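Notes follow once the structure below has been shown.
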Amino acid sequence: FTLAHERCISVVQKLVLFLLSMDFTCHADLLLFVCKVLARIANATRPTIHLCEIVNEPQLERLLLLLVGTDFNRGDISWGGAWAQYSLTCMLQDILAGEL
Amino acid sequence: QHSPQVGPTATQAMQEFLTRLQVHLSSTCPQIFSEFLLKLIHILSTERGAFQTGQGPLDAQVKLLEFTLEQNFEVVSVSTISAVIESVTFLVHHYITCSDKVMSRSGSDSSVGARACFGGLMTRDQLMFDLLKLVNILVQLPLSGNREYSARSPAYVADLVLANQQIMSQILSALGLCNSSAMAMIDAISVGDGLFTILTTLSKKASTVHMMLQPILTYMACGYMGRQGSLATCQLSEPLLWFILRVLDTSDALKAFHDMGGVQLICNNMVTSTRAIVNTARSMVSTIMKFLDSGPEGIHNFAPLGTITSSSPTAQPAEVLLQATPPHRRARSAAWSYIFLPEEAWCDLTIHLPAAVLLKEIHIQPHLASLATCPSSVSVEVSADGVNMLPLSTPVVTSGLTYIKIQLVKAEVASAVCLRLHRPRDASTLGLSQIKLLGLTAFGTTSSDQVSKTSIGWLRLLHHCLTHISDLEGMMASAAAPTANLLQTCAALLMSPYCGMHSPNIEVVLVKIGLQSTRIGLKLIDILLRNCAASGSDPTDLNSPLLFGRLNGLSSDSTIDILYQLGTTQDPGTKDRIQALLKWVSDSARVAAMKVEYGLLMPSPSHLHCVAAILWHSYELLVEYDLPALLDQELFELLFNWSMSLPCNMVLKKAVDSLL
Amino acid sequence: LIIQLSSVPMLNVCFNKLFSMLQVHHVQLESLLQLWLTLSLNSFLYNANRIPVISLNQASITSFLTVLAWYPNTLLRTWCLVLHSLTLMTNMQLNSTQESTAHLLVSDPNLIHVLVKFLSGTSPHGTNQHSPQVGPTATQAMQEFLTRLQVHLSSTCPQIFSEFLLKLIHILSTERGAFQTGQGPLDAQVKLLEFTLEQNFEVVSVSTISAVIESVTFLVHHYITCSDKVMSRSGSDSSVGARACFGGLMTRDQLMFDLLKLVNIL
Amino acid sequence: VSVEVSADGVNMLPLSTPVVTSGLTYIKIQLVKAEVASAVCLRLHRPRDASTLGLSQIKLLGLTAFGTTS
């Protein structure tokens, strides 16, 4: 069981690009699994993938706005519910912990 | 320790004093008394006043407002009224906005919350309700000739209020935050009802539809707290939608709304808001997790599966507090006991769960045999990861209570809970019986407003605009079609689980818009049959609509009904629609001779049967165009070859044979 | 075998933008602070001796304090997040001859407003009943914040910190203040005073001291003069009253006693 | 509990704000300044949870001008 670094970057980039393009025609339960798979794949490779390799600057800004922005969150209403918020936070934390 | 009240005697004395003042001044000059009373209310309700900080005796203040509500204001000034209205509106908006996330009350209490509306189909919120009643009385006062005093064309204070942008913005924002439950299934008791009544009166005294309509449009044209930008849309709720629908109940109001360009505004808002929302309903993933038989008021008690502990090294083990079956009500000894040191003030109990849970309620039952040992107050802390614990609110006073129940206004993902119990007032030992934690799971057997959460309110507004009055209907259609990606958004909303409005209304809207021209009809046919994604959508923009996530050419009864309505309506351009349908059939037949687009690769059998029914019923009737000329022999050859090449005894062959 | 960069520069840029977006209402303060804490402490408790991984600018801190000063109403959880955030920001470095972060924080007029707002105001007052206290956790957080401030400023210029403490006490104790009307959380105020009692006031001004003495003397005289005619206790209370002397042969009077001890030291 | 005291026996004046007595096994109100009284009124508030009031005993303590009781 060993994952090569070169092959997985494209998969992770496509997964995160899939995350940024969900709207009312997509459901949160799929997001809960996409986040988990992305984090596991990122941590699996021996030279673990860094967050700078995955996302772009506007992409990272949009990703953070999904959690803290006021056009996606409205007071007591969250982006994709508490489970989606929790999954996004856990994925970001796991990637950052893997890098350090 | 003293109560923040005053007692039944001082209140009655103050009431008598005010009554004597009013009686003596009535025959001479009641306007002076009314000015004095309004100024007193304004000073009390201003910034850093008693009302805002909750300072003085509540009963006396409530009695003051009750006495004020039956006065007469026939000559009072106009600056005083405006100041009072501004102060009260700001105070009530602040009160509605910032409310605590934790609710706790006695078992006897049954009053509904502040943000609850249409309940009918002491407490501080009663003070707020009385203040709103005062505003409602004030806003109906006729004005004098020079518009400097209230009077004894009739103008009204409502016109002055409507011209103030801050007041109207605050009222609309406050009403947008409320919620309703009775209206979900389709007079005033709460504060939201007071806001609704105030807005209704303002609408009834507007004197011109433009004056009432302008603040609504300005509110709908901006985002959160007036912010601009892309993907920013105004908060919308159920009572607010009800009020807006009541405003647009007449032909003149609808015509003025169309003239001001609101019909384009709502369509743009719908298209943008659909982009910024993810559907929170369940889908294939939940079904498959259910099929695996397990996975990572309908709520369940998770306490029996956790572990309880305490930070005091000399504490009695407390694993009995988690048992599901409560002890006997007449037990002579407490299930768990704790002894306080003379210098101690708090004790703590921590519950760890094996997995994260969406927590909603906490139940604590004290030892009923002796209530002198009930804890004086309780502090609750919640941890999601399991190490960093964060307090939830200020401690809750629980003296003389036979049952403690804490509810979370916003359910929280939790994995550990800490309870801090305060030393009793009189005794020196703590006695407890049971603890329960209630919540939900992401998946499994335990996993069990829509306007505010989705983008369906704009669709209801559009349906009302299109179908309320049949005379103006065509006009509205002409203003709606040129908007971009509207048909795709409506179709996407049509093929989703029920989210707040039934399918027939969506079908009516789609049919009405798709028949006002001929290009629109062809676009709708393409949307329903061969491609339903957004137009000119590159994922590199992060702001343009992207309607992926749905297969092409899916058939449902609503789609069949829409196709039948489009096919068999006698109007100019029907020939082009039949041409497009037959072209799609021909393309689907041709692509079958592959030995690339989805939908073409799978013609849904029900759609083919619908096309056959359209042809049959069009030929049976009489039409202004030549139907037989359109049906060529080449199409017959293609259909026969397709039927022969296809295996017997399946629905696709039957549909092809019906077409033949 | 390739070389890969670090993610902290672009994280710094994004978080500085996010903090710059607060004033015009494009982000939510509580969510932003929670995410900041979670990502910064990833180097696992809110220990007050950890350097944040992500670091902010001077402008970000100024905007943060400016927003906090006028913020409409704050719940208890928001205040706890704010206190933890300030405690971590103290350990942060502004380098990447500027002053320290602690020096920037103390010499800012908005910190006085923030602390007064915390110590003189309660949660939103709904129809429910809540104690006029704050709990054992927020008090500990505030104490840790003050301790970190003092530790960082001691070697550089403790007189600034002492001036800051005296000015805060004077504002709290003045007319129409929290102490005069008995408004805020009592336990936090008592903790603040009992922390102040161990400070050093070597090179503080003389107008500040005189103002503090005048305010405290007036407040204590008022408290002693107007006391209630009715006294009622539990069966366990044993402390003597205010107007009782030579007894040697939590509670508001303890706050008054601590204020008097401060005057005696001054 | 709210306490009112009348010296002549007809006009009663409240003594202070109500006293909070939740979860107390014995209620004892002391006057800092002893008061000449001939009638006493006690106003009891509705309990937080229950809907009935239960009482056992009431005592009034004082002194006279002359006699065996000082």
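All residue names refer to the structure tokens as shown: chains lettered A, B, ... in order, residues numbered from 1 in each chain, ligands numbered from 1 in order.
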
As an MDAnalysis selection string, please: the residues near residue 13 of chain D (cut-off 10 Å, only C-alpha atoms, same-chain neighbours under 6 positions excluded). (chainID B and resid 9:10) or (chainID D and resid 3:7 40:41)

Within 7 Å of chain B, which residues of chain D are there when counting only C-alpha atoms? Please give them as a PyMOL selection string. chain D and resi 17-20+22-25+48-49

Now that the selection is made, can you save its residues with N, CA, C and O atoms as an mmCIF file, in the first residue's frame?
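Contents of the output file selection-v8.cif:
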```
data_model
loop_
_atom_site.group_PDB
_atom_site.id
_atom_site.type_symbol
_atom_site.label_atom_id
_atom_site.label_comp_id
_atom_site.auth_asym_id
_atom_site.auth_seq_id
_atom_site.Cartn_x
_atom_site.Cartn_y
_atom_site.Cartn_z
ATOM 1 N N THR D 17 -38.015 46.423 48.675
ATOM 2 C CA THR D 17 -38.321 45.581 47.532
ATOM 3 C C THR D 17 -38.492 44.131 47.979
ATOM 4 O O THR D 17 -38.004 43.739 49.039
ATOM 5 N N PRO D 18 -39.191 43.316 47.188
ATOM 6 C CA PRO D 18 -39.420 41.924 47.586
ATOM 7 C C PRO D 18 -38.122 41.154 47.760
ATOM 8 O O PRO D 18 -37.116 41.427 47.106
ATOM 9 N N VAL D 19 -38.159 40.178 48.662
ATOM 10 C CA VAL D 19 -37.006 39.349 48.988
ATOM 11 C C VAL D 19 -37.138 38.020 48.261
ATOM 12 O O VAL D 19 -38.194 37.381 48.312
ATOM 13 N N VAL D 20 -36.069 37.598 47.595
ATOM 14 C CA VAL D 20 -36.074 36.342 46.851
ATOM 15 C C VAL D 20 -35.868 35.193 47.828
ATOM 16 O O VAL D 20 -34.868 35.155 48.552
ATOM 17 N N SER D 22 -36.333 31.573 47.042
ATOM 18 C CA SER D 22 -36.453 30.313 46.326
ATOM 19 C C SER D 22 -35.407 29.333 46.835
ATOM 20 O O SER D 22 -34.222 29.667 46.914
ATOM 21 N N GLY D 23 -35.847 28.128 47.178
ATOM 22 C CA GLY D 23 -34.931 27.126 47.684
ATOM 23 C C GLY D 23 -34.406 27.406 49.072
ATOM 24 O O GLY D 23 -33.282 27.010 49.392
ATOM 25 N N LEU D 24 -35.187 28.079 49.908
ATOM 26 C CA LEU D 24 -34.814 28.378 51.282
ATOM 27 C C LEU D 24 -35.666 27.541 52.223
ATOM 28 O O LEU D 24 -36.877 27.419 52.022
ATOM 29 N N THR D 25 -35.036 26.970 53.246
ATOM 30 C CA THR D 25 -35.750 26.160 54.221
ATOM 31 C C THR D 25 -36.258 26.962 55.410
ATOM 32 O O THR D 25 -36.955 26.401 56.260
ATOM 33 N N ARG D 48 -42.366 29.185 41.454
ATOM 34 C CA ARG D 48 -41.823 29.085 40.103
ATOM 35 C C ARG D 48 -42.427 27.920 39.335
ATOM 36 O O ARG D 48 -42.795 28.065 38.163
ATOM 37 N N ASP D 49 -42.535 26.756 39.968
ATOM 38 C CA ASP D 49 -42.951 25.542 39.279
ATOM 39 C C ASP D 49 -44.344 25.075 39.669
ATOM 40 O O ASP D 49 -45.181 24.841 38.795
#
```

Select residues of chain B: the criterion is any atom within 8 Å of an atom of chain A, counting only C-alpha atoms; output as a count of residues only. 32

Which chain C residues are at most 9 Å from chain B (counting only C-alpha atoms), as an mmCIF file with N, CA and C atoms, in the first residue's frame?
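Output saved as selection-v9.cif:
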```cif
data_model
loop_
_atom_site.group_PDB
_atom_site.id
_atom_site.type_symbol
_atom_site.label_atom_id
_atom_site.label_comp_id
_atom_site.auth_asym_id
_atom_site.auth_seq_id
_atom_site.Cartn_x
_atom_site.Cartn_y
_atom_site.Cartn_z
ATOM 1 N N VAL C 24 -17.007 46.562 6.502
ATOM 2 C CA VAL C 24 -18.069 46.795 5.538
ATOM 3 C C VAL C 24 -19.047 45.613 5.492
ATOM 4 N N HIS C 25 -18.999 44.739 6.497
ATOM 5 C CA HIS C 25 -19.968 43.658 6.693
ATOM 6 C C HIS C 25 -19.965 42.665 5.532
ATOM 7 N N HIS C 26 -18.807 42.052 5.303
ATOM 8 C CA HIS C 26 -18.724 40.946 4.363
ATOM 9 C C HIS C 26 -18.374 39.621 5.021
ATOM 10 N N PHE C 44 -3.316 20.260 22.336
ATOM 11 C CA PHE C 44 -4.086 20.997 21.343
ATOM 12 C C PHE C 44 -5.111 21.886 22.032
ATOM 13 N N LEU C 45 -4.665 22.623 23.043
ATOM 14 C CA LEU C 45 -5.548 23.415 23.885
ATOM 15 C C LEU C 45 -5.272 24.892 23.661
ATOM 16 N N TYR C 46 -6.100 25.734 24.278
ATOM 17 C CA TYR C 46 -5.909 27.176 24.184
ATOM 18 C C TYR C 46 -4.846 27.629 25.173
ATOM 19 N N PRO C 72 -22.775 45.668 17.953
ATOM 20 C CA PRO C 72 -24.070 45.918 18.608
ATOM 21 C C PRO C 72 -24.269 45.163 19.909
ATOM 22 N N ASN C 73 -24.196 43.837 19.868
ATOM 23 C CA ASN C 73 -24.304 43.052 21.087
ATOM 24 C C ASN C 73 -23.537 41.754 20.916
ATOM 25 N N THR C 74 -22.888 41.328 21.991
ATOM 26 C CA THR C 74 -22.043 40.147 21.995
ATOM 27 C C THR C 74 -22.565 39.148 23.015
ATOM 28 N N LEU C 75 -22.613 37.882 22.621
ATOM 29 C CA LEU C 75 -22.962 36.826 23.552
ATOM 30 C C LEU C 75 -21.720 36.382 24.317
ATOM 31 N N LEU C 76 -21.924 35.489 25.285
ATOM 32 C CA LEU C 76 -20.809 35.048 26.116
ATOM 33 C C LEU C 76 -19.774 34.285 25.301
ATOM 34 N N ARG C 77 -20.228 33.424 24.392
ATOM 35 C CA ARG C 77 -19.296 32.636 23.593
ATOM 36 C C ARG C 77 -18.436 33.533 22.713
ATOM 37 N N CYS C 80 -15.723 34.972 24.909
ATOM 38 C CA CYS C 80 -14.662 34.010 25.187
ATOM 39 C C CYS C 80 -13.734 33.854 23.991
ATOM 40 N N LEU C 81 -14.304 33.773 22.787
ATOM 41 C CA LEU C 81 -13.471 33.702 21.592
ATOM 42 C C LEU C 81 -12.611 34.950 21.449
ATOM 43 N N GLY C 121 -21.557 45.079 30.961
ATOM 44 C CA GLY C 121 -22.734 44.707 30.208
ATOM 45 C C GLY C 121 -23.002 43.221 30.246
ATOM 46 N N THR C 122 -24.269 42.846 30.148
ATOM 47 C CA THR C 122 -24.666 41.452 30.253
ATOM 48 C C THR C 122 -24.984 40.891 28.868
ATOM 49 N N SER C 123 -25.424 39.636 28.831
ATOM 50 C CA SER C 123 -25.951 39.039 27.622
ATOM 51 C C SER C 123 -27.241 39.757 27.233
ATOM 52 N N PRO C 124 -27.786 39.482 26.046
ATOM 53 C CA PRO C 124 -29.099 40.042 25.711
ATOM 54 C C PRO C 124 -30.135 39.634 26.745
ATOM 55 N N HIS C 125 -30.981 40.590 27.115
ATOM 56 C CA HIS C 125 -31.942 40.391 28.196
ATOM 57 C C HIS C 125 -33.277 40.006 27.578
ATOM 58 N N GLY C 126 -33.491 38.705 27.431
ATOM 59 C CA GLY C 126 -34.743 38.172 26.943
ATOM 60 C C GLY C 126 -35.722 37.924 28.068
ATOM 61 N N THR C 127 -36.691 37.057 27.794
ATOM 62 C CA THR C 127 -37.723 36.720 28.764
ATOM 63 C C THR C 127 -37.282 35.653 29.756
ATOM 64 N N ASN C 128 -36.080 35.110 29.601
ATOM 65 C CA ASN C 128 -35.572 34.080 30.491
ATOM 66 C C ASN C 128 -34.830 34.711 31.666
ATOM 67 N N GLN C 129 -34.516 33.881 32.657
ATOM 68 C CA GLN C 129 -33.811 34.321 33.854
ATOM 69 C C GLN C 129 -32.388 33.781 33.828
ATOM 70 N N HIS C 130 -31.416 34.681 33.935
ATOM 71 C CA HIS C 130 -30.007 34.324 33.974
ATOM 72 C C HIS C 130 -29.344 35.037 35.141
ATOM 73 N N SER C 131 -28.329 34.398 35.707
ATOM 74 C CA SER C 131 -27.593 35.007 36.799
ATOM 75 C C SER C 131 -26.799 36.208 36.293
ATOM 76 N N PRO C 132 -26.565 37.210 37.149
ATOM 77 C CA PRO C 132 -25.685 38.329 36.792
ATOM 78 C C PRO C 132 -24.216 37.985 37.006
ATOM 79 N N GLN C 133 -23.825 36.795 36.562
ATOM 80 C CA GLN C 133 -22.448 36.338 36.655
ATOM 81 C C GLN C 133 -22.007 35.848 35.288
ATOM 82 N N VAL C 134 -20.803 35.292 35.197
ATOM 83 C CA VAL C 134 -20.258 34.928 33.894
ATOM 84 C C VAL C 134 -19.712 33.509 33.846
ATOM 85 N N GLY C 135 -19.462 32.854 34.972
ATOM 86 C CA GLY C 135 -18.974 31.498 34.963
ATOM 87 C C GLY C 135 -17.482 31.416 35.197
ATOM 88 N N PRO C 136 -16.995 30.224 35.549
ATOM 89 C CA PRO C 136 -15.573 30.075 35.885
ATOM 90 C C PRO C 136 -14.634 30.114 34.691
ATOM 91 N N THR C 137 -15.134 30.018 33.460
ATOM 92 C CA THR C 137 -14.247 29.925 32.307
ATOM 93 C C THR C 137 -13.880 31.294 31.743
ATOM 94 N N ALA C 138 -14.870 32.172 31.576
ATOM 95 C CA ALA C 138 -14.592 33.506 31.058
ATOM 96 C C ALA C 138 -13.701 34.294 32.010
ATOM 97 N N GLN C 183 -23.995 46.693 37.721
ATOM 98 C CA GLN C 183 -24.523 46.201 36.455
ATOM 99 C C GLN C 183 -23.919 44.868 36.027
ATOM 100 N N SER C 232 -31.730 40.233 55.083
ATOM 101 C CA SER C 232 -32.217 38.865 54.986
ATOM 102 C C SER C 232 -31.121 37.977 54.422
ATOM 103 N N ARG C 233 -30.920 36.823 55.049
ATOM 104 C CA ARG C 233 -29.855 35.911 54.662
ATOM 105 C C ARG C 233 -30.355 34.477 54.716
ATOM 106 N N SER C 234 -29.506 33.570 54.247
ATOM 107 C CA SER C 234 -29.720 32.147 54.428
ATOM 108 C C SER C 234 -29.327 31.753 55.849
ATOM 109 N N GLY C 235 -29.517 30.479 56.178
ATOM 110 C CA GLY C 235 -29.056 29.988 57.460
ATOM 111 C C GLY C 235 -27.578 29.686 57.523
ATOM 112 N N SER C 236 -26.881 29.775 56.390
ATOM 113 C CA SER C 236 -25.460 29.469 56.325
ATOM 114 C C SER C 236 -24.572 30.705 56.314
ATOM 115 N N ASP C 237 -25.089 31.850 55.877
ATOM 116 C CA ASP C 237 -24.282 33.061 55.820
ATOM 117 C C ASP C 237 -23.877 33.504 57.219
#
```

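One distance worth recording is that between atom CA of residue 167 of chain C and atom CA of residue 78 of chain C, which is 25.0 Å.
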
Would you list which chain C residues are within 7 Å of chain D using only C-alpha atoms, as a list in words? residues 229, 230, 231 and 232 of chain C

10 Å contacts from chain A to chain C using only C-alpha atoms, as JSON, numbers by chain: {"A": [5, 47, 49, 50, 51, 52, 53, 56, 57, 58, 60, 61, 62, 64, 65, 67, 68, 69, 70, 71, 72, 73, 74, 75, 89, 90, 92, 93, 94, 96, 97, 99, 100]}

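With only C-alpha atoms as the atoms that count, the residue of B:353, B:256, B:174, B:581 with the shortest distance to residue 196 of chain B is B:174.
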
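Counting only C-alpha atoms, residue 189 of chain C has the following residues at most 10 Å away, ignoring those fewer than 3 positions along the same chain: residues 119, 120, 133, 139, 169, 172, 178, 179, 184, 185, 186, 192, 193, 194, 195, 252 and 255 of chain C.
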
Write out the residues from the selection above, keeping C-alpha atoms, as a PDB file, in the first residue's frame.
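Full text of again.pdb as output:
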```
ATOM      1  CA  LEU C 119     -17.173  44.311  32.364  1.00  0.00           C
ATOM      2  CA  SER C 120     -20.262  46.552  32.424  1.00  0.00           C
ATOM      3  CA  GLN C 133     -22.448  36.338  36.655  1.00  0.00           C
ATOM      4  CA  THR C 139     -13.070  34.810  34.292  1.00  0.00           C
ATOM      5  CA  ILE C 169     -10.747  51.408  37.135  1.00  0.00           C
ATOM      6  CA  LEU C 172     -15.643  51.843  35.804  1.00  0.00           C
ATOM      7  CA  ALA C 178     -20.839  49.808  36.375  1.00  0.00           C
ATOM      8  CA  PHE C 179     -19.777  49.888  40.029  1.00  0.00           C
ATOM      9  CA  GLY C 184     -21.974  43.716  35.176  1.00  0.00           C
ATOM     10  CA  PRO C 185     -20.647  40.312  36.223  1.00  0.00           C
ATOM     11  CA  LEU C 186     -19.519  40.540  39.834  1.00  0.00           C
ATOM     12  CA  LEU C 192      -9.887  42.226  38.048  1.00  0.00           C
ATOM     13  CA  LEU C 193      -9.479  44.124  41.312  1.00  0.00           C
ATOM     14  CA  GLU C 194      -7.653  41.291  43.054  1.00  0.00           C
ATOM     15  CA  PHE C 195      -5.295  41.125  40.072  1.00  0.00           C
ATOM     16  CA  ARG C 252     -20.477  43.360  46.547  1.00  0.00           C
ATOM     17  CA  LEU C 255     -15.670  44.626  45.904  1.00  0.00           C
TER      18      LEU C 255
END
```
